[PDB]
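Coming up are structure 1 and structure 2: the same protein chain in two forms, each one given alone as structure tokens.
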Structure 1
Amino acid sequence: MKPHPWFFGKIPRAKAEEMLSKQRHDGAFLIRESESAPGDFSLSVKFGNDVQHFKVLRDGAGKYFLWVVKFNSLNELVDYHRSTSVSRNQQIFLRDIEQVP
């Protein structure tokens, strides 16, 4: 149907921070392909004047997770975290970034 506005591919950790620092709302995020760990994904989220980074972990079957609950896709991981916090220190819910039209 429509492509996801959150997949940025191989953008540096620093480029994710540059982009997200311009976003107004907390929870504004992106999924990127890690450069420090090739083959692994990373989640970058906006919170205040900072950008929090999370590593997308894998189990033995290749399922994705951030903490405990695991999923069959990055798509389901992202969607679950729109209603359950990505952080254990703050209530940060994932919301789509405000794109340059």
Structure 2
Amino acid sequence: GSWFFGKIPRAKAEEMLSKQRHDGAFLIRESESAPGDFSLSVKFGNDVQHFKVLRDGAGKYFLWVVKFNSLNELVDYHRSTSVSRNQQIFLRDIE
């Protein structure tokens, strides 16, 4: 299903992802910190991590240092490059 949840509150995103069986279950939402901000929310075991997704001066999105022309490309990238640097966790659709 669609991974984009608009303005879902942070706590509701945590509630939703905490029910998931697979690490890497995720959503993208529109977060509260600044206008236009997105956040990637991801299940890691008993935790849900939030990662701000900001835009650079060219309009590209990023979590750390790789830049993307779209949210879909950011998601695509993390279906096969881990969102953890300690263990292999790829983004996986909510079930």
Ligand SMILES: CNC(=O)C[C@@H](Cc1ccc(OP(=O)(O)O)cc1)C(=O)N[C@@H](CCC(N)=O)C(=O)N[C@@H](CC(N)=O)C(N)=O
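We call the rigid core whatever largest set of C-alpha positions still superposes within 1.5 Å between the two forms. Numbers given to residues start at 1 and step along the sequence of structure 1.
Visitor: Two copies of the same chain, shown separately. Which of them is the form deposited without this ligand?
Guide: Structure 2.
Visitor: After fitting the rigid core, is the C-alpha of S87 off by 2 Å or more between the two structures?
Guide: After core superposition, the C-alpha of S87 moves 2 Å or more between the two structures.
Visitor: Core superposed first: is there a CA shift of 2 Å or greater at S36 between the two structures?
Guide: Yes.
Visitor: Could you check how much the CA of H25 shifts between the two structures after a rigid core fit, in angstrom?
Guide: Spelling it out: core superposed, C-alpha of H25 shifted, distance 0.4 Å.
Visitor: Fit the two forms on their core, then tell me the C-alpha shift of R58 between the two structures in angstrom.
Guide: The alpha-carbon displacement, core-superposed, is 1.1 Å.
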